[PDB]
Each structure stands twice: as C-alpha cells, then as structure tokens.
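Visitor: chains from the complex, first installment, not repositioned:
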Amino acid sequence: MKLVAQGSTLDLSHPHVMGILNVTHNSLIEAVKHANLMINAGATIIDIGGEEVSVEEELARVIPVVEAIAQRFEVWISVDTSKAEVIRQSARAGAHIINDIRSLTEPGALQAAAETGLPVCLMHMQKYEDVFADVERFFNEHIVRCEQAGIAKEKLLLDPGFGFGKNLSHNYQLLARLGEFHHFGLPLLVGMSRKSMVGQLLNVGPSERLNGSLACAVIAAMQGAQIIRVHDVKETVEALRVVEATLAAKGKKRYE
C-alpha cells in the first residue's frame, strides 16, 4: 500500500508518525525550528493547521510554512484547512496530503481538492446507536462523494475521529475495533495524542498524558494503523519501533 503525491511516494507498509505543527512574524522561523525537531525525531509527515479566520488571514499563516518545509526538508506535508483556496494554494506550494477536518464539506473545497489530485483524508465528524456503524456509514457516504468529484479511491485516507463528538466509551469502542476498518482497503490515520480519552480515563492534565497516548499509539499500530498523529514524536517513534519489530517477527501485518 502506497500514497503518491508531488512526484514522491509514501510506502505505508510500516507505521509513519505525523507531527503536529500548529500556526494559530517570527512564527515562520519558529515553526521551521519546530519542524526541524520532529523530523530529526523521526516524523515522516508534518500536519500544518492554522484555524474564525479570513481566507487572506489564513493563506499568510499556512503558505510560507508549507513552502519552507517543502524546500528545506524531505518530509510529506499535510494541510488541515477547510477553505477551497488554501487547498489549491497549498498543493502548488508543495503540500502532499489534504487533511481537512470537515472532510471537504465546505463550498468548493471538494472541487478544489479534486483539481490538486492529492490524497485526501476523510474523518468522521459529529450520541450514537452504534458508533462503529456510524463511522462506517460516514466512510461509505463520503467515499462515494469523493468518487463523484473525480477523486479516485487510491488517494483516500480514513480517520475514525477520536474525540470529535464522541465520549470516552465511543472512543475506546473504535480503538478496540480499529483494525476492522481495514475492509475499505484504505490507509488509516488516527489522532489520539493528549486527548480526553487519556485525560478522562487517567484523570491527569494535558501535559501528563504521554503514557496513555503512547499506549493508544501502540494499540493502533498493532492493528495496522498506517499513520499516527502525535505531539510527542520522539517517544512515539521509539514506541512504534518496538511494534514494527513485533509485527516483523509475526509475519502478519496486524492483530485482531
């Protein structure tokens, strides 16, 4: 399983760590330093997000960071934006993945992302009757909605959306059955770092959630999750390195 963008490929046969880069001045250089740390720590992908905010107020916070990382480093760039103009601008700047939090449901965003030809990540968004069935239902509706706009299935990513409209029970039901989402034949991206799953369960502050976030990242990687979006890249890369050695000695790709 691969992912093609901007002439380069991303071999998703092993777990990748996605570093979080928030830009919401010296921030251009201060974010490049933060990108340099995560890349040295082992981050293959860097998620850039700067979000209300005007289209002009957002293009100036995202584009120079996308160009700087794409010109100075060799890592994939995913942009978290819902505006159709930022999506079209980021692709020409050097971005590799469109990781919209609203799944391109904004006016023109789906059409703009179809023009770029870049991979797109669909994430479940919202009480449920069966949160797994709803996330499955969300994935089927928007896979067709992207195939209608010319976006091929090969350039799609699925994200269950941990912590977005879900309580602690809904999140761990998806974490327990995360490997079951592999029937779509698409890569899985999960973001669980420093979230309320670890906070509510452990009753700790947002700075004391590394131990639980590492456990969530390992549990996800043991089920074949291809991309793990974390804040603590160095600790997550070391944790996934043990998962890679375990899965290598198993021959299979995941546990079920």
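Guide: Looks like it arrived, so ask away. Numbering: from 1, shown residues only, chains lettered A, B, ... in the order given.
Visitor: residues near the nearest residue to residue A:194 once chain neighbours are set aside, how many?
Guide: Leaving aside its chain neighbours, residue A:194 sits nearest to residue A:209 (4.8 Å; criterion: CB to CB, 6 or more residues apart in numbering). (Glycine included, C-beta is placed from N, CA and C.) Burial of residue A:209 is recorded as 23 neighbouring residues (other CB atoms under 10 Å).
Visitor: element containing the most centrally placed residue in chain A, please.
Guide: Centroid-nearest residue in chain A, with CA atoms, centre = their mean: residue A:189, separated by 5.0 Å. Per DSSP states H and E, residue A:189 falls inside strand A:189-191.
Visitor: output the contacting helices and strands for that strand.
Guide: Counting contacts by 3 or more CB pairs under 8 Å, 6 or more residues apart in numbering; DSSP states H and E, strand A:189-191 packs against strand A:156-159, strand A:227-230.
Visitor: which one of those strands has the most crowded surroundings?
Guide: strand A:227-230 (a mean of 27; mean count of other CB atoms under 10 Å).
Visitor: what comes into contact with it?
Guide: A:12, A:15-20, A:45, A:47, A:157, A:187-193, A:213, A:217, A:220-221, A:236, A:240 (CB atoms under 8 Å, 6 or more residues apart in numbering).
Visitor: need the helices and strands packed on strand A:189-191 in TSV (columns: distance to residue A:72).
Guide: Below are the helices and strands packed on strand A:189-191 laid out as TSV (distance: least, CB to CB, whole Å):
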stretch	distance to residue A:72
strand A:156-159	25
strand A:227-230	22
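Visitor: thinking again about what came up before, in this structure the residue nearest to the centre of chain A contacts residue A:122, no?
Guide: No: assessed by CB atoms under 8 Å, residue A:189 is found out of contact with residue A:122, at 9.4 Å.
Visitor: ok, which of the helices and strands packed on strand A:189-191 comes nearest residue A:80?
Guide: strand A:227-230 (9.9 Å; CB to CB).
Visitor: given the closest one, what are its sheet partners and their directions?
Guide: strand A:16-22 (parallel), strand A:189-191 (parallel) (DSSP bridges).
Visitor: okay if I get the ones you listed as CSV plus distance to residue A:200?
Guide: Formatted as CSV, the strands paired with strand A:227-230 follow (distance: least, CB to CB, whole Å):
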stretch, distance to residue A:200
strand A:16-22, 21
strand A:189-191, 16
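Visitor: how about whatever helix or strand residue A:169 lives in: buried residues?
Guide: Element membership for residue A:169 (DSSP H and E) is helix A:168-176. Buried positions in helix A:168-176, judged by neighbour count with 16 or more other CB atoms under 10 Å: A:170-175.
Visitor: of those, closest to residue A:60?
Guide: residue A:171 (35.0 Å).
Visitor: residues in contact with that closest one?
Guide: Contacts of residue A:171 (CB under 8 Å, 6+ apart): A:162-163, A:195-197.
Visitor: dump those to a markdown table, plus secondary structure and neighbour count.
Guide: Formatted as a markdown table, those follow (DSSP: H, G, I helix; E, B strand; the rest coil; neighbours: other CB atoms under 10 Å):
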| residue | secondary structure | neighbour count |
| --- | --- | --- |
| A:162 | coil | 24 |
| A:163 | coil | 18 |
| A:195 | coil | 18 |
| A:196 | helix | 16 |
| A:197 | helix | 23 |
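Visitor: add chain B to the structure above:
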Amino acid sequence: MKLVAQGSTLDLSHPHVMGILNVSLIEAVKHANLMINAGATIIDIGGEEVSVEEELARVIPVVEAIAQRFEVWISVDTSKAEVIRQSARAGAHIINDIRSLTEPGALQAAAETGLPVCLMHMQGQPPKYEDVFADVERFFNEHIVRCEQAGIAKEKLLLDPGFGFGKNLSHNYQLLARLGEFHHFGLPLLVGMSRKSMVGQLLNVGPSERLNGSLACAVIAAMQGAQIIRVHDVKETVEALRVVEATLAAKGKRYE
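Guide: Chain B added:
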C-alpha cells in the same frame, strides 16, 4: 482465573503491575510505599555469591515489613531452599525463583510452602535456538511435570518466557509476537521487559532512556492477555495498561 496464597486471592482477570524492589531497611519500605501508591499490585524482592545468612538478612526483614503493613502481594526472587521456606513464613505470596527451583532442595522447599511458583525459561547461564518458541514450550512442559510430581499442583503455577535470558533480539520479539499462544497451558503469564536489551539494542539507547520502548512492550504483552507485568517504572506502566483495560473491555478479550 485466580491465585490463592496467605489467605488472600489475586484476581488475574485484569493485568497486574509487579514492581521491582531490589535489596537502611526502611528505604525498601519507602520504595514499596511509592510503588503501591503508583498502582503496583505485586512487589518483587530480590537479593541476587551471597551466602544464605546474608540473603536471609536482606530479604526477610523487608518481607515482614511489607506483609504486616501493606496489603499488596509479595514475590521473592530467591534460589536457596531455606530462603523459600522462610519467606513463606514471613508473609510472601509467590515464589519467583529465577532458576525455576533447580537448586538443591528448592523444589521440595517450595512444595512445603504451598505457594504459587513461577517457571521462567532460561538458556542455562543464570545463543542459538532452532525454534525459541518450541524450546520455551518445551521448558514449560518439562518443569510443569517436575512441579506436579513434587506435590505442587497446576493451579499454583506461573509461566514466564524469560525475555533477555539467553535470547538475542530476534528470539525475544518472536516470543513477544506469539506471547498469547502460551495461554494454551491454562496458566497465568508473567513477563518482564522493563529496561532490558530488547529496547536498548533496538533503539540504540542506554538504560536510562528505555521507558518508551518498555511501555510499548508492556502494552503489547497486555494486549495478548499477559496477567503480570514486571516493570521498574510502575506509574507509567499502570497508566499504559489502564488504556489497555479500557480497550479490552470495549472489545469483550485478547488480541491475536
């Protein structure tokens, strides 16, 4: 699945974190106080050529202090028969010998105590395997009969693959990837992977920077139904296995 000793029972339906208490005699009581508050259910005591009179002086006043004050289970890592018969008299619950009671008189001494005994696979020095999983499986069948033919029932037996003891990095992850397959003996599984060479040689890190990899091994083992996890860092392990519990609970309860 349970475990009875000294009148109290140990519910092995959920993973238990075993702290490592290596052994002025009140610092071991303080260090035990820290681990118990950190979530340690069992506390492993070890005094490592120490003579019999010196080892009895190191272990027993610590066992009595923990047995008569705290409410946690105590496991003693001794190979001397007199220490085994004396630790049970002090309040110890589990006989966790590293040599699996192969020392003179250690087998019959532990049979008189009626305490649960842990059997750990080892190369021979307190390597090359045709199939390390088959040898560990062979070591269990040989020593289970040896305990059964000495009066020790099967209900009072634990199994330990013995990570790092006469095993290279490849052998260890072959056992960690297939750890759940050791459940066919119907016996509880104890694993110790904290700060060992699996994390060091895989991450190319020193003994001080192995917590991230050790947590990954503990989570991987707990996802496969391991009942007891012997670690140095109890606080971080309790938090990590706590996410494991929430995942297995929403699953209904072992990955494979």
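Visitor: same question on what packs on strand A:189-191, but with chain B included?
Guide: Strand A:189-191 sits against strand A:156-159, strand A:227-230, with contacts defined as 3 or more CB pairs under 8 Å, 6 or more residues apart in numbering or on different chains; DSSP states H and E.
Visitor: do you know which of those lies nearest chain B?
Guide: strand A:227-230 (11.8 Å; CB to the nearest CB).
Visitor: write out the residues of chain A neighbouring chain B.
Guide: A:168-169, A:172-173, A:175-177, A:197-198, A:201-202, A:204, A:211-212, A:214-216, A:218-219, A:222-223, A:234-235, A:238-243, A:245-250, A:255-256 (CB under 8 Å from any CB of the partner chain).
Visitor: is it true that residue A:214 touches residue B:217?
Guide: No: Residue A:214 is beyond contact range of residue B:217, at 11.4 Å (criterion: CB under 8 Å).
Visitor: so how far is residue A:253 from residue A:225?
Guide: 11 Å (CB to CB, to the nearest Å).
Visitor: meant to ask about residue A:21
Guide: 29 Å.
Visitor: so which of those two has more stuff around it?
Guide: Using other CB atoms under 10 Å in any protein chain shown, the more surrounded residue of residue A:21 and residue A:253 is residue A:21, with 21 against 13.
Visitor: didn't the more buried one look like it was pressed against residue A:35?
Guide: Yes: in this structure, residue A:21 is within contact of residue A:35 by CB under 8 Å, at 5.9 Å.
Visitor: give the residues shared as contacts by the two.
Guide: A:46, A:65 (CB atoms under 8 Å, 6 or more residues apart in numbering or on different chains).
Visitor: which residues does residue A:187 contact?
Guide: A:1, A:3, A:12, A:157-158, A:226-227.
Visitor: now tabulate these in JSON lines and tack on distance to residue A:86.
Guide: Putting the contacts of residue A:187 into JSON lines (distance: CB to CB, whole Å) gives the following:
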{"residue": "A:1", "distance to residue A:86": "28"}
{"residue": "A:3", "distance to residue A:86": "21"}
{"residue": "A:12", "distance to residue A:86": "25"}
{"residue": "A:157", "distance to residue A:86": "18"}
{"residue": "A:158", "distance to residue A:86": "22"}
{"residue": "A:226", "distance to residue A:86": "25"}
{"residue": "A:227", "distance to residue A:86": "21"}
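Visitor: just these now: which is nearest residue A:136?
Guide: Out of the contacts of residue A:187, the member with the shortest distance to residue A:136 (by CB to CB) is residue A:158, at 9.9 Å.
Visitor: ok, whatever residue of the stretch 51-200 of chain A ends up closest to chain B - contacts?
Guide: Scanning the stretch 51-200 of chain A for the residue nearest chain B gives residue A:176, at 3.8 Å (criterion: CB to the nearest CB). By CB under 8 Å, 6+ apart, the contact set of residue A:176 is B:247-248, B:250-251.
Visitor: farthest-separated two in those residues?
Guide: B:248 and B:250 (7.6 Å).
Visitor: more neighbours: those two, which one.
Guide: Taking other CB under 10 Å, residue B:248 and residue B:250 do not tie; residue B:248 has more neighbours (21 against 18).
Visitor: so the more buried one sits right up against residue B:254, yeah?
Guide: Yes: with contacts counted by CB under 8 Å, residue B:248 reaches residue B:254, the gap being 7.4 Å.
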